[PDB]
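J.: Got a sequence here, can you model it:
(5 chains, ligands or ions: 24)
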Amino acid sequence: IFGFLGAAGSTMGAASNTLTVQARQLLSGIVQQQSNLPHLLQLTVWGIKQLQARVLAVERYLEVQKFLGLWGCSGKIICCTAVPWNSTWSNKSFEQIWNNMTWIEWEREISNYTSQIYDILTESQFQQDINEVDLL
Amino acid sequence: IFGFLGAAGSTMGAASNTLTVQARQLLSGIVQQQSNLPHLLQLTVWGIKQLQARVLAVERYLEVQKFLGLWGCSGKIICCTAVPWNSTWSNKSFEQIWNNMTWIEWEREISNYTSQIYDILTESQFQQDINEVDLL
Amino acid sequence: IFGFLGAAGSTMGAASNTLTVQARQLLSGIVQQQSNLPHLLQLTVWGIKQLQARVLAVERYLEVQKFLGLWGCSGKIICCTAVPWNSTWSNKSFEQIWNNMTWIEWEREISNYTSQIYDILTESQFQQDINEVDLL
Amino acid sequence: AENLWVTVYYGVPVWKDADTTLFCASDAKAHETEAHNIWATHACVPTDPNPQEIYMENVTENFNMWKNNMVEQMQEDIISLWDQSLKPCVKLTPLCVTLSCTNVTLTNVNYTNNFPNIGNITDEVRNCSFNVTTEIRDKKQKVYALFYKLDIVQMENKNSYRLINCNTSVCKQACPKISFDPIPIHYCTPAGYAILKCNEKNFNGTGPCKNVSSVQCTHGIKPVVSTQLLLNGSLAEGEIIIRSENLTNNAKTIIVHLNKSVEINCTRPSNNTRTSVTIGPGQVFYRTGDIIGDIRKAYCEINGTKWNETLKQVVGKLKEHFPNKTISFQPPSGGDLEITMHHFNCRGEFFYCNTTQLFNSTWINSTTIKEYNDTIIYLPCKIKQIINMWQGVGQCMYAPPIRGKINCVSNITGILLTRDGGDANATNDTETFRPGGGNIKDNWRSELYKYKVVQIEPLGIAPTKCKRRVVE
Amino acid sequence: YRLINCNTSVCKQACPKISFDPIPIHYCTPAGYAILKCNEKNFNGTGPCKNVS
Ligand SMILES: *[C@@H]1O[C@H](CO)[C@@H](O[C@@H]2O[C@H](CO)[C@@H](O[C@@H]3O[C@H](CO[C@H]4O[C@H](CO)[C@@H](O)[C@H](O[C@H]5O[C@H](CO)[C@@H](O)[C@H](O)[C@@H]5O)[C@@H]4O)[C@@H](O)[C@H](O[C@H]4O[C@H](CO)[C@@H](O)[C@H](O)[C@@H]4O[C@H]4O[C@H](CO)[C@@H](O)[C@H](O)[C@@H]4O[C@H]4O[C@H](CO)[C@@H](O)[C@H](O)[C@@H]4O)[C@@H]3O)[C@H](O)[C@H]2NC(C)=O)[C@H](O)[C@H]1NC(C)=O
Ligand SMILES: *[C@@H]1O[C@H](CO)[C@@H](O[C@@H]2O[C@H](CO)[C@@H](O[C@@H]3O[C@H](CO[C@H]4O[C@H](CO)[C@@H](O)[C@H](O)[C@@H]4O)[C@@H](O)[C@H](O[C@H]4O[C@H](CO)[C@@H](O)[C@H](O)[C@@H]4O[C@H]4O[C@H](CO)[C@@H](O)[C@H](O)[C@@H]4O)[C@@H]3O)[C@H](O)[C@H]2NC(C)=O)[C@H](O)[C@H]1NC(C)=O
Ligand SMILES: *[C@@H]1O[C@H](CO)[C@@H](O[C@@H]2O[C@H](CO)[C@@H](O)[C@H](O)[C@H]2NC(C)=O)[C@H](O)[C@H]1NC(C)=O
Ligand SMILES: *[C@@H]1O[C@H](CO)[C@@H](O[C@@H]2O[C@H](CO)[C@@H](O)[C@H](O)[C@H]2NC(C)=O)[C@H](O)[C@H]1NC(C)=O
Ligand SMILES: *[C@@H]1O[C@H](CO)[C@@H](O[C@@H]2O[C@H](CO)[C@@H](O)[C@H](O)[C@H]2NC(C)=O)[C@H](O)[C@H]1NC(C)=O
Ligand SMILES: *[C@@H]1O[C@H](CO)[C@@H](O[C@@H]2O[C@H](CO)[C@@H](O)[C@H](O)[C@H]2NC(C)=O)[C@H](O)[C@H]1NC(C)=O
Ligand SMILES: *[C@@H]1O[C@H](CO)[C@@H](O[C@@H]2O[C@H](CO)[C@@H](O)[C@H](O)[C@H]2NC(C)=O)[C@H](O)[C@H]1NC(C)=O
Ligand SMILES: *[C@@H]1O[C@H](CO)[C@@H](O[C@@H]2O[C@H](CO)[C@@H](O)[C@H](O)[C@H]2NC(C)=O)[C@H](O)[C@H]1NC(C)=O
Ligand SMILES: *[C@@H]1O[C@H](CO)[C@@H](O[C@@H]2O[C@H](CO)[C@@H](O)[C@H](O)[C@H]2NC(C)=O)[C@H](O)[C@H]1NC(C)=O
Ligand SMILES: *[C@@H]1O[C@H](CO)[C@@H](O[C@@H]2O[C@H](CO)[C@@H](O)[C@H](O)[C@H]2NC(C)=O)[C@H](O)[C@H]1NC(C)=O
Ligand SMILES: *[C@@H]1O[C@H](CO)[C@@H](O[C@@H]2O[C@H](CO)[C@@H](O)[C@H](O)[C@H]2NC(C)=O)[C@H](O)[C@H]1NC(C)=O
Ligand SMILES: *[C@@H]1O[C@H](CO)[C@@H](O[C@@H]2O[C@H](CO)[C@@H](O)[C@H](O)[C@H]2NC(C)=O)[C@H](O)[C@H]1NC(C)=O
Ligand SMILES: *[C@@H]1O[C@H](CO)[C@@H](O[C@@H]2O[C@H](CO)[C@@H](O)[C@H](O)[C@H]2NC(C)=O)[C@H](O)[C@H]1NC(C)=O
Ligand SMILES: *[C@@H]1O[C@H](CO)[C@@H](O)[C@H](O)[C@H]1NC(C)=O
Ligand SMILES: *[C@@H]1O[C@H](CO)[C@@H](O)[C@H](O)[C@H]1NC(C)=O
Ligand SMILES: *[C@@H]1O[C@H](CO)[C@@H](O)[C@H](O)[C@H]1NC(C)=O
Ligand SMILES: *[C@@H]1O[C@H](CO)[C@@H](O)[C@H](O)[C@H]1NC(C)=O
Ligand SMILES: *[C@@H]1O[C@H](CO)[C@@H](O)[C@H](O)[C@H]1NC(C)=O
Ligand SMILES: *[C@@H]1O[C@H](CO)[C@@H](O)[C@H](O)[C@H]1NC(C)=O
Ligand SMILES: *[C@@H]1O[C@H](CO)[C@@H](O)[C@H](O)[C@H]1NC(C)=O
Ligand SMILES: *[C@@H]1O[C@H](CO)[C@@H](O)[C@H](O)[C@H]1NC(C)=O
Ligand SMILES: *[C@@H]1O[C@H](CO)[C@@H](O)[C@H](O)[C@H]1NC(C)=O
Ligand SMILES: *[C@@H]1O[C@H](CO)[C@@H](O)[C@H](O)[C@H]1NC(C)=O
Ligand SMILES: *[C@@H]1O[C@H](CO)[C@@H](O)[C@H](O)[C@H]1NC(C)=O
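T.: Numbers count the residues shown, from 1 in each chain, chains lettered A, B, ... in the order given. Ligands and ions are numbered 1, 2, ... in the order given. Okay, here it is:
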């Protein structure tokens, strides 16, 4: 087993058995504690650098939870989608991705197209909801 | 293809084919940027309006996501439900709704009962879980 | 028929029928209003307690929504999982659990193990999602 | 039918009228001059290089000028920024004591390039000597300074003066290295709100607009402050537009918004040198040492024919709302110096121009077209240093002199009129409009009249024939 | 004589009840961020580090 980010160097297929380790630490921190001991203690130099740390944690977490909701992957860690891979984003074979690259190397390779894959994934889920409305 | 609120004047039939354009923009904003250049700049007049415009953006997103969680529609754009229309809320036909109204007029006719439709929606989802715990 | 926290004294069997009553009120509050009338009103002593009351409410809601996302119980009130209670956490019979125990007493006598049930419930869902990837 | 079930749609295009906390976004290309502007500070977030405006087609929305909340937020922001820019730096409490002024004697150039030939700054400034304290408390020094006659009041013992603010407040010197340049400011909404903009070119204040469009935030708005004529504005599209909350209520100001600018060209030909004394520990007070070279009153020149045609068009528009009366302009009838005279700013110097040749005339019936020759109107202007911009809410300020010659080239995109009340016994078919009037808010209603802030309600409920698959 | 500072500014007196003792301070990130630390002992200023933790 590994700690937070502990499998950052392992390959894509082997570092995917530790997704829950980096997914359990997106809101949990030390910042929620009040202080060592509690004028206007909320306007101290470190009373504002802690107020904006609480807000940064919320927006960072809600930034990906918004995409999971649109794509239909709410409440799931690994989510299968009905969007075919056109291989123009990357035409590497199965064994050259899951057994040869790294999650950092892979995400830098298709960083060009992630702005478009997000649009395709969102629109594909919308088409699924239209289909079931005129089906049930 | 339309932009933000671009089909607000179109009828409910044709304004419901562009729900994703008004859904991609409930958290994304310019406010996540830092500044033109980085005393106590987190207290400037322009630096307090930017703090409360980040909390407003977060809160306005959760008050619509909170309802989706209770009704069992999390992760879905169009969500069917087992709550029957009694026509006391609105006794119009199917054609007179989806071919003769825009979304703004429709939300003004049933503005009386949305406080009650929400409670009926919540109870139905709760009754789905009780009927499923004591059945499996 | 009950109010907020109205079933805190009832037995667990009869206090699980009012789950929605305590669930509708994890974001809703008086704080979201602006003021009696709109110097520097945004940094009054009570203009700061309202700012930190809004953040506390948002964070409190997101501490339970974070777990439900990992456990796979997003969009549900009573979510039935696949983790077997091994009776080491509690060996009390099914009758004694739901028929003279209250929700407060139950949480206390398993309070030693909630830190371990939470990690087990996350691992079972992750193992579910891996099994579907190499099955579909 | 009997097969209708509630279906939730997420993202539907609905909104409700609401009020939010607009933040500021300004372009960084104009900034990075290290000038430390007052309004459009570096704190404003960078703007989107390609803003989006979506044409909403079939929707008519009830816009309501004179009740827009966007204006009051701008007012509070302007006041707060003005106050916080004056906070850090030097006060003027040890300065104003019993002065002693005598008529100034100057050595100067003779011809002075007498093309306008308006006047000479003598009998406007006084060369007053007074005792201040140096960096050491137990040492007083006698120093001289040139003060315009509008900054000093004459107490008893007529050969002894005092500053105009001592017995009412304490003023802080305009702070030496900041700028008063109005840099455009965009007012952007949080994520969850939108701004509806009415695109009708001939659109009065309030009413249902039929050509609404949606934006994320407004165009550039300059916080320029003026009293009688709107400066550096945005031109009307269709024609001259006359807007007022109610045209039959003379207590309500009238805003005449033009569709063709009339440039006004202002200059201070004098040569003021800036000297610095020390009134305390690390506190430096700037003053005018001498006036050497050219000596002439500051003045503003205007093309006579352009302004004359502009008044013709404004009167043509005004005759429609007042059908059977002649329209006659008259100069302001009284009030403060900020009302009776067109007040504005250049490079830190605060100008008060007379503007009485622009604003009186009569238009009886347009019986015949009268042809004249090209003329240039020369408006005399005074200059003030002790500036109380906002009567009782803004901090009083002392603007230091600016070395060199001051020259501004600005546009006149609007006029602020105020109808004179009428009587019942006898109205000789005449109406007189006098310029000025209104508060500072009317300088920003002229920009924020197109915009309304709305809150998006993306949760819709409608019946459908689909039923949720109940699990067995 | 005169005080050294009497032409530049005015100095508030160091204030009796406060202490100048430096207590160690830990700079911690919010949730969603992390701090990479280069464990190489013979590490100069810039460049790649090979046992980042
Ligand atoms: C690099 O690291 C080096 C190692 O850390 C560092 O050197 C260290 O520097 C610190 C500087 O703070 C030293 O700590 C001080 O040590 C003082 C020594 O006191 C001697 O004399 C006392 C008699 O006056 C003896 O009692 C004392 O013996 C006992 O002292 C302790 C009780 O005070 C006890 O716990 C010990 O176990 C020991 O048995 C010793 O022989 C010490 O006087 C001083 O105490 C202050 O700080 C304490 C907290 O650390 C407070 O608890 C204590 O009350 C003192 O605070 C007062 O003074 C502060 C400074 O003015 C104020 O802020 C406080 O509010 C408080 O002032 C109140 O009380 C006043 C009356 O006393 C009153 O007049 C005021 O108005 C106010 O009301 C402190 O502990 C440390 O000893 C150094 N290390 C070594 C090995 O010597 C070095 O500096 C570092 N390098 C650099 C560049 O910084
Ligand atoms: C209606 O709209 C018009 C058009 O925008 C507007 O006119 C313009 O006003 C601005 C603001 O005053 C003018 O900008 C200033 O112009 C002077 C003129 O300098 C001439 O000579 C220099 C050579 O020395 C030329 O390079 C220059 O182009 C001019 O021909 C400048 O001297 C001013 O410079 C200051 O601001 C710069 C901003 O980046 C600084 O970089 C520069 O160092 C100067 O700053 C100094 O003063 C600051 C305080 O003000 C201080 O903080 C600094 O430390 C430093 O000491 C400035 O560029 C512009 O020329 C006008 N344009 C025209 C065509 O007239 C009207 O003002 C407006 N109406 C109203 C009522 O506002
Ligand atoms: C870093 O790379 C080395 C070399 O590839 C990895 O070591 C191998 O790991 C696999 C995975 O189980 C073993 O089958 C091999 O026996 C290991 N040794 C060699 C020489 O290949 C190492 O696991 C990588 N680091 C991490 C954290 O996975
Ligand atoms: C509080 O406790 C009393 C027991 O003293 C509960 O009263 C019992 O309620 C059950 C179920 O309604 C009945 O079957 C018993 O006959 C009742 N006993 C008595 C003595 O009244 C009461 O319901 C509890 N209240 C709440 C809100 O849980
Ligand atoms: C029903 O609940 C009661 C109390 O909540 C349990 O009875 C208690 O038993 C303990 C001994 O273990 C006694 O000290 C208490 O005095 C009893 N309570 C009362 C009110 O007399 C009982 O065990 C529960 N039912 C079952 C089947 O266990
Ligand atoms: C709604 O407002 C838009 C604003 O762009 C109008 O578009 C302009 O209309 C004028 C008047 O004919 C044209 O001269 C311009 O070429 C149009 N485009 C632009 C960019 O200005 C539009 O006409 C208005 N009315 C309708 C029905 O759309
Ligand atoms: C500005 O608006 C005025 C309206 O007050 C326009 O004046 C009209 O111009 C047309 C030109 O075709 C004439 O036929 C009208 O008689 C004029 N009206 C009046 C009352 O004189 C003027 O053209 C507009 N200018 C611009 C540049 O838009
Ligand atoms: C604004 O005023 C300045 C000076 O008052 C103008 O510059 C002068 O214009 C006159 C016009 O006949 C020329 O003769 C001079 O040679 C110009 N320069 C100087 C130094 O006097 C300037 O042109 C005016 N701007 C506008 C737009 O009218
Ligand atoms: C304002 O008055 C003072 C004193 O009355 C003038 O200061 C003197 O001016 C004369 C001019 O001939 C100089 O010779 C002296 O050296 C100056 N100082 C003193 C202490 O006498 C000052 O020049 C006057 N200012 C103006 C603009 O006339
Ligand atoms: C003041 O404005 C008038 C316009 O009313 C200008 O007169 C025009 O000048 C241009 C260029 O010299 C000619 O082509 C026009 O025929 C003139 N008349 C009209 C009615 O446009 C005059 O030039 C302006 N004054 C200055 C100094 O520029
Ligand atoms: C602006 O200038 C006009 C003159 O162009 C001033 O009007 C004169 O005011 C004096 C003051 O009592 C009268 O005696 C004159 O009869 C007025 N008319 C003329 C033609 O001189 C006017 O006062 C000036 N504005 C201000 C605020 O003083
Ligand atoms: C003053 O007004 C003139 C004319 O109205 C402006 O000159 C034009 O401004 C527009 C802005 O929409 C530009 O697109 C043009 O390129 C400018 N020149 C011409 C010949 O049309 C001038 O910009 C205005 N001054 C200020 C400071 O706004
Ligand atoms: C990277 O740094 C780590 C530091 O934890 C090294 O691991 C330690 O190295 C030291 C010195 O060689 C040993 O004394 C320790 O026993 C090692 N382990 C621990 C837990 O401290 C690691 O060796 C470094 N990387 C490489 C490739 O040597
Ligand atoms: C792959 O890319 C091509 C062109 O970029 C596009 O036509 C195709 O739709 C893409 N694949 C999918 C599944 O959209
Ligand atoms: C994958 O794409 C690259 C770039 O277009 C191309 O050079 C390569 O031949 C492709 N691989 C295959 C197997 O077609
Ligand atoms: C329709 O609304 C009325 C309003 O009181 C309610 O009583 C009724 O139960 C609703 N219809 C159904 C089928 O429940
Ligand atoms: C039962 O759960 C407890 C939790 O502490 C654990 O210690 C024990 O090993 C578990 N037993 C089995 C058989 O999993
Ligand atoms: C100063 O102004 C007066 C007022 O008309 C004028 O007579 C005189 O020539 C001007 N110049 C001097 C040096 O007095
Ligand atoms: C300044 O003080 C000196 C000596 O104290 C005195 O002679 C002179 O008249 C004073 N000047 C004033 C009060 O303007
Ligand atoms: C504005 O004009 C429209 C028609 O052009 C009219 O219906 C409306 O009442 C007017 N509003 C005002 C305030 O005059
Ligand atoms: C204006 O004042 C400066 C200050 O020294 C001087 O150098 C300059 O020559 C003066 N202007 C003229 C035209 O002499
Ligand atoms: C302005 O136009 C009117 C037209 O009645 C004329 O009487 C007046 O002399 C004109 N003004 C100038 C300065 O030419
Ligand atoms: C405009 O100025 C005065 C202002 O009252 C007015 O009486 C006069 O008739 C007009 N013309 C001149 C030249 O004063
Ligand atoms: C540090 O040392 C390594 C290896 O000696 C070298 O590659 C790197 O450039 C050095 N960095 C600097 C800043 O000298």
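J.: wait, what's in contact with the residue of the stretch 251-400 of chain D found nearest ligand 11?
T.: Across the stretch 251-400 of chain D, no residue is closer to ligand 11 than residue D:354, which sits at 3.7 Å (C-beta to the nearest ligand atom). Bear in mind the C-beta positions are built from the backbone N, C-alpha and C, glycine included. Shown in contact with residue D:354 (C-beta atoms under 8 Å, 6 or more residues apart in numbering or on different chains): D:341-342, D:379-381.
J.: what two of the residues you listed have the greatest distance between them?
T.: Using C-beta to C-beta, the pair of the contacts of residue D:354 lying farthest apart is D:342 and D:380, separated by 11.1 Å.
J.: which residues are in contact with both of these two?
T.: Contacts common to residue D:342 and residue D:380, judged by C-beta under 8 Å, 6+ apart, are D:353-354.
J.: Compare those two and say which one has the larger neighbour count.
T.: Shown here are residue D:342 and residue D:380; by other C-beta atoms under 10 Å in any protein chain shown, residue D:342 has more neighbours (27 against 18).
J.: List the strands paired with whatever helix or strand residue D:415 lives in, with their directions.
T.: For residue D:415, the element it lies in under DSSP states H and E is strand D:412-419. If you go by DSSP bridges, strand D:412-419 pairs up with strand D:229-231 (antiparallel), strand D:254-257 (antiparallel), strand D:430-435 (antiparallel).
J.: Just the contacts of residue D:354: which are in strands?
T.: Among the contacts of residue D:354, the members found in strands (DSSP state E) are D:342, D:379-381.
J.: residues near residue D:267, how many?
T.: 19.
J.: circling back to that earlier point, now, which of the contacts of residue D:354 sits nearest residue D:73?
T.: residue D:342 (27.0 Å).
J.: Checking the closest residue to ligand 20 within chain A next. Helix, strand or coil?
T.: Among the residues of chain A, residue A:126 lies closest to ligand 20, at 40.4 Å counting by C-beta to the nearest ligand atom. Here residue A:126 is helix, with the state taken from DSSP: H, G, I helix; E, B strand; the rest coil.
J.: where does residue D:261 land in three-state SS?
T.: coil.
J.: and if you look at residue A:66?
T.: helix.
J.: For it, which non-adjacent residue is closest in space?
T.: Sequence neighbours aside, residue B:27 is the residue nearest to residue A:66 in space, at 5.3 Å (criterion: C-beta to C-beta, 6 or more residues apart in numbering or on different chains).
J.: which stretches of the stretch 201-350 of chain D form helices?
T.: D:304-321, D:337-340 (DSSP state H, counting those that start in this stretch).
J.: can you give me the offset of the last one from its chain's centre?
T.: Relative to its chain's centre, helix D:337-340 lies at 13 Å (C-alpha atoms, centre = their mean, to the nearest Å).
J.: buried residues in that helix?
T.: Going by neighbour count (16 or more other C-beta atoms under 10 Å in any protein chain shown), the buried part of helix D:337-340 is D:338-340.
J.: Pull the residues that contact it.
T.: D:150, D:227, D:332, D:334, D:343, D:352, D:384, D:436-437.
J.: ok, is that helix in contact with ligand 11 or not?
T.: Yes: judged by C-beta under 6 Å from any ligand atom, helix D:337-340 and ligand 11 are in contact via residue D:340.
J.: Might you report the residue contacts of the closest residue to ligand 17 within the stretch 201-350 of chain D?
T.: Residue of the stretch 201-350 of chain D nearest ligand 17, by C-beta to the nearest ligand atom: residue D:216 (52.9 Å). The contact partners of residue D:216, by C-beta under 8 Å, 6+ apart, come to B:4, B:30, D:48, D:51-52, D:188-189, D:194-195.
J.: Perfect, I'm done here.
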